[PDB]
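Below is one structure, written out as structure tokens; comments come after it.
All values below were derived from every heavy atom in this structure, side-chain atoms included, with hydrogens, water molecules and symmetry-related copies excluded. Residue numbers count from 1 along this sequence.
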Amino acid sequence: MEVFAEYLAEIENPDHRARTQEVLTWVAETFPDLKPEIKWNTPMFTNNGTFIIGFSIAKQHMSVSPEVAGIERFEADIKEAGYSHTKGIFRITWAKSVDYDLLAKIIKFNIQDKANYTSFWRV
């Protein structure tokens, strides 16, 4: 968790910082075997060296990054949760709640789908 200290401190809005902290803490606690990392100024979690999920903050939303394959697998549920998405990310605006249930399904999916992966990113 200390790994994310500087990143969180740099979030000037304290309510945005609290939400980011709550999500990152929840991932860490719910998935204790993942390694929390800051890489390229992005908070993320890896499993035996491969990327599992990443988070980043913009002015009006948090971005969740589970790779294109993660968005493809859960596109219907992302849309039903009410979040906007691209091919590779989806967004949670500050007024909207975080669907921890969906996050859990995405994270578990990437863990299983990238078991033994030989690269950091999916190609």
Side-chain angles (χ1 to χ4, degrees):
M1 272 305 297
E2 315 81 286
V3 68
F4 293 135
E6 188 80 16
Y7 180 84
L8 287 175
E10 295 180 347
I11 304 168
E12 277 185 7
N13 181 315
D15 295 325
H16 300 179
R17 192 187 307 125
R19 157 144 308 168
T20 305
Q21 183 172 61
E22 191 65 19
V23 170
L24 298 174
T25 297
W26 173 94
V27 170
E29 290 186 354
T30 304
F31 297 97
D33 285 318
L34 291 187
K35 183 192 166 68
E37 296 211 49
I38 281 275
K39 283 182 91 70
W40 319 285
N41 194 55
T42 305
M44 58 180 62
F45 290 84
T46 58
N47 185 49
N48 300 132
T50 198
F51 176 89
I52 295 300
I53 194 166
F55 295 95
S56 61
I57 293 312
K59 280 163 222 198
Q60 311 196 8
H61 53 89
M62 177 189 288
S63 287
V64 181
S65 286
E67 296 185 291
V68 171
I71 300 292
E72 281 172 358
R73 177 65 180 75
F74 285 97
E75 192 153 285
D77 302 294
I78 293 161
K79 186 185 329 193
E80 178 87 65
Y83 298 151
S84 70
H85 69 84
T86 69
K87 295 302 196 186
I89 71 94
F90 68 90
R91 288 184 198 87
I92 304 178
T93 62
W94 314 107
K96 221 299 156 55
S97 57
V98 174
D99 184 348
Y100 285 98
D101 205 48
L102 175 59
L103 282 190
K105 282 172 159 156
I106 293 180
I107 293 164
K108 288 181 230 225
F109 171 75
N110 274 352
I111 283 166
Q112 168 173 84
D113 190 51
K114 298 188 69 180
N116 314 305
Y117 222 60
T118 57
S119 54
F120 184 80
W121 302 112
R122 287 180 174 109
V123 292

Could you tell me which residues satisfy salt bridge (charged side-chain N to carboxylate O under 4.0 Å, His left out) with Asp101, sequence neighbours excluded, listed by chain and number? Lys105
Mind running side-chain contact (heavy atoms from CB on, under 4.5 Å) on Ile107 and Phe45 for me, showing each step along the way? CA-CA 9 Å; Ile107 293 164; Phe45 290 84; over 6 Å; no
Any side-chain heavy-atom pair of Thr20 and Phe55 under 4.5 Å: no
Above 12 or not: heavy atoms from other molecules or residues under 6.0 Å from NZ of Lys79? no
Is it the case that the side chains of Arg122 and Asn110 hold a donor-acceptor pair, with the cut-off being a distance below 3.5 Å and no angle test? yes
For this output row, return yes or no: ring centroids of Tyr100 and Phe31 closer than 6.0 angstrom. no
Tell me whether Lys96 contacts the main-chain N or O of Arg91 through its side chain, where contact means a donor paired with an acceptor under 3.5 Å. no
Would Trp40 and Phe120 satisfy ring pair (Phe, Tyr, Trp, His ring centres under 6.0 Å), going step by step from the backbone distance to the final call? CA-CA 13 Å; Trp40 319 285; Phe120 184 80; 5.6 Å; yes
Note: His16 and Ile11 closest approach over all heavy atoms is CB-CG2, 3.9 Å
CZ of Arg73 to CD of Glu67, rounded to nearest 0.5 Å, is 15.5 Å
Do we get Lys39 above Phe51's six-membered ring, with its NZ or CZ under 6.0 Å from the centre and within 45° of the axis? no
Grouping I, L, V, M, F, W and Y whenever their side-chain heavy atoms are under 4.5 Å apart, do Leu102 and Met62 come out in a common cluster? yes
How many angstroms lie between OG in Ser65 and CD1 in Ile71, if you round to the nearest 0.5 Å? 7.5 Å
Between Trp94 and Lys59 (side chain of the first, backbone of the second, donor and acceptor by atom type, cut-off under 3.5 Å), is there such a pair? yes
Roughly how far apart are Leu8 CG and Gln21 CD, rounded to 0.5 Å? 5.5 Å
Value for CD (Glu12) from CZ (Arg17), rounded to nearest 0.5 Å, stands at 9.0 Å
Tightest non-hydrogen contact, residues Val3 and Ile38, listed as O-CG1, 3.5 Å
Got a donor-acceptor contact below 3.5 angstrom from the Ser119 side chain to the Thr50 backbone? no
Linking I/L/V/M/F/W/Y whenever any side-chain heavy atoms sit under 4.5 Å apart, do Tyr7 and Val23 land together? yes
For side-chain contact (heavy atoms from CB on, under 4.5 Å), just list the numbers for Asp99 and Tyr83, CA-CA rounded to whole Å, side-chain angles, deciding distance to a tenth of an Å, and then say yes or no. CA-CA 10 Å; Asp99 184 348; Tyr83 298 151; 3.5 Å; yes
Knowing that exactly one of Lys114, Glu37, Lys35 qualifies, which makes a side-chain hydrogen bond (donor to acceptor under 3.5 Å, both in side chains) with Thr46? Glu37
Is there a continuous path of hydrophobic side-chain contacts, each under 4.5 Å between heavy atoms, that joins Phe74 to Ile89? no
Looking only at heavy atoms, which two atoms of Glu10 and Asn41 are closest? And how far apart? OE1-OD1, 4.5 Å
Can you tell me how far apart CD1 (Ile53) and CG (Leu103) are? Round to the nearest 0.5 Å. 5.5 Å
Do you reckon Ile57 sits in the same ILVMFWY cluster as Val27, going by side-chain contacts under 4.5 Å, direct or chained? yes
Single-linkage hydrophobic cluster, 4.5 Å side-chain cutoff, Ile52 and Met44 together: no
